[PDB]
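A quick write-up on the structure given underneath.
All chains are named by letter (A, B, ...) in the order of the sequence lines, taking the proteins before the strands, and each is independently numbered beginning at 1. These numbers come from the heavy atoms of this one structure, side chains and all, not from hydrogens, waters or symmetry mates.
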Amino acid sequence: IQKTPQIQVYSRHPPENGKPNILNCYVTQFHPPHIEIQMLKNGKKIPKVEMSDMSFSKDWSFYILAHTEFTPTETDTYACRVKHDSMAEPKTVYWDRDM
Amino acid sequence: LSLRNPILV
Amino acid sequence: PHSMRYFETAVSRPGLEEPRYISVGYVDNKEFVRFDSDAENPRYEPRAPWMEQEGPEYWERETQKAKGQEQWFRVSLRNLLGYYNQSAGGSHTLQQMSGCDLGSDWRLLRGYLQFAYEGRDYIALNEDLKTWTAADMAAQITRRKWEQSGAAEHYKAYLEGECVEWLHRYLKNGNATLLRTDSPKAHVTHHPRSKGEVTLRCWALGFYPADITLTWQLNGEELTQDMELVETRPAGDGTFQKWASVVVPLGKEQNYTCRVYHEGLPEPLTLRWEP
């Protein structure tokens, strides 16, 4: 009995290049509760990824917020890779500054 | 304040 | 309207006899207390600045009640294995929701208590706080066991006494933080979408509480069936975000206006793309 996670990757504040901000990864609507989440800068793991809160919602599906510090630039890429039982392969969602 | 379960499943 | 909830989870893991037990307290959807057995020193902890008003005795007892909970969840998980004749080689989950809503009249409106096994309805306490609702055949064994033992009487006493009591307390203590609003910092952005069609993003940022409403308008008519609406997301600082986009014909953007509705916004906002 499995639910695929939904993924949103977004900054905390309006992104401007060269200026520090916080990159979020809101993972929702999933079961089982065990999940592996990684946030990346150009395909490399970003250190010190603070895991806000394991919890679940009214429908019993679990959620969590992964966040780290990042410096938005013109040519750097940022992503959140999620591995979870429901998926046959790790999913990778890129950060888009218009989303 | 937390709640404690009286009887087992 | 005001509420208090406790979301509880025990997860049996492959090989570990102990389940991980996680308990989170909510006051009007705001996390105020947390307990994670996976912490190096598992104890209930403040998750809101107004909880600091409680003393060591409050934290000491809560933590003890939690260890008692840990044991309840484990045996239950073990008993649940047998009911559904499952193999003891994998992992399973037992979740619980309990609490109380208060109406506009700070009086009690409703008690809440519901259980789940594998993320699916198992057994729940009826609103009358006297009768139980089972979800499948396995649940009925707990139903019949609980009806006899007077379990419902005990849960009723908590959901009508202590739940109410401490919520009223938390509401007085966390008044300054809980009854606050942060109105949204909305703005419209402009991006390409397709050949001779741009897209219009109506953002709403840094707002509290989570509840919000974004609408798009063409010729004084809401564009409900044509609107890409993301679900509300936390900023990580206690505020929330949401945006809504439409696909508009190029050179005809000024025709479109964005509207924002929030309880911290006496007059609703009206926005349009600014070249």
**Within 6.0 angstrom of A/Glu89 CD, more than 12 heavy atoms from elsewhere** = yes
**Item:** Option that, when pairs with chain C are counted at under 4.5 Å, heavy atom only, ranks first among A/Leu65, A/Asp98, A/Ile1
**Value:** A/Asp98
**Message:** Is there a side-chain contact between C/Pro234 and A/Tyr63 in this structure, where contact means two heavy atoms from C-beta onward sitting under 4.5 Å apart?
**Reply:** no
**Request:** Could you look at C/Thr93 and say if it's the side chain, the backbone, both or neither that has a heavy atom under 4.5 Å from chain A?
**Result:** side chain
**Prompt:** Most heavy-atom pairs under 4.5 angstrom with chain A, which of C/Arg5, C/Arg20, C/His92, C/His191?
**Reply:** C/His191
**Asked** Is it the side chain or the backbone of C/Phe240 that comes within 4.5 Å of chain A heavy atoms, both, or neither?
**Response** neither
**Message:** Heavy-atom pairs under 4.5 Å with chain A: which of C/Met97, C/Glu31, C/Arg201 has the most?
**Reply:** C/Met97
**Item:** Greater than 12 external heavy atoms within 6.0 Å of C/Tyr84's OH
**Value:** yes
**Message:** Heavy-atom count check: over 12 atoms from other residues, nucleotides or ligands less than 6.0 Å from A/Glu69 CD?
**Reply:** no
**Asked** Which atoms form the tightest heavy-atom contact between C/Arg34 and A/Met54, and what is the distance?
**Response** NH1-O, 2.8 Å
**Item:** Inter-residue atom distance C/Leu205.CG - A/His13.NE2, 0.5 Å rounding
**Value:** 9.5 Å
**Request:** Please flag which part of C/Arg13 lies under 4.5 Å from any non-hydrogen atom of chain A: side chain, backbone, both or neither.
**Result:** neither
**Request:** Measure C/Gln114 against the heavy atoms of chain A and call it side chain, backbone, both or neither at under 4.5 Å.
**Result:** both
**Request:** Can you establish whether the number of heavy atoms outside C/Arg110 located under 6.0 Å from its atom CZ is more than 12?
**Result:** yes
**Prompt:** Rounded to the nearest 0.5 Å, what separation is found between the CG atom of A/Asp53 and the CG atom of C/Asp36?
**Reply:** 11.0 Å
**Request:** For residues C/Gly119 and A/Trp60, report the shortest heavy-atom separation together with the two atoms involved.
**Result:** O-CB, 3.7 Å
**Asked** Side chain, backbone, both or neither: which part of A/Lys58 has a heavy atom under 4.5 Å from chain C?
**Response** both
**Options A/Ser61, A/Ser55, A/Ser52, ranked by heavy-atom pairs under 4.5 Å with chain C, top entry** = A/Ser55
**Message:** Which atoms of C/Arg233 are under 4.5 Å from chain A, going by heavy atoms: the side chain, the backbone, both sets, or neither?
**Reply:** both
**Request:** Step through the shown structure and confirm whether more than 12 heavy atoms of other residues, nucleotides or ligands are within 6.0 Å of CD on C/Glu274.
**Result:** yes
**Message:** Under 4.5 Å from any heavy atom of chain A, what part of C/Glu8 do you find: side chain, backbone, both or neither?
**Reply:** backbone
**Asked** With a cut-off of 6.0 Å (strictly less than), are more than 12 heavy atoms of other residues, nucleotides or ligands near NZ of C/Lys30?
**Response** yes
Indicate every side-chain donor-acceptor pair of residues 43-50 of chain A with a distance under 3.5 Å to a residue at least two apart or in another chain.
none

**Message:** Report, in residue-number order, which members of residues 15-37 of chain A are under 4.5 Å from chain C by heavy-atom distance.
**Reply:** A/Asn24, A/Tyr26, A/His31, A/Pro33
**Message:** Counting heavy-atom pairs under 4.5 Å with chain A, which one of C/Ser245, C/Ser91, C/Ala235 comes out on top?
**Reply:** C/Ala235
**Prompt:** For C/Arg78, does the CZ atom sit with more than 12 other heavy atoms under 6.0 Å from it, leaving out its own atoms?
**Reply:** no
**Message:** Is it true that, when you exclude C/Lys185 itself, more than 12 heavy atoms of the residues, nucleotides or ligands shown sit nearer than 6.0 Å to its NZ?
**Reply:** no
**Prompt:** If you take all heavy atoms of C/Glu231 and A/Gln8, which pair is closest and at what distance?
**Reply:** O-OE1, 3.1 Å
**Complete:** Counting heavy-atom pairs under 4.5 angstrom with chain A, the leader among C/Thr239, C/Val24, C/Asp237 is C/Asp237
**Item:** A/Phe56 to C/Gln95 - nearest heavy-atom pair and separation
**Value:** CG-NE2, 3.3 Å
**Request:** Look up atom OG1 in C/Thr189 and atom CZ in A/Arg97, then write down how far apart they are to the nearest 0.5 Å.
**Result:** 12.0 Å
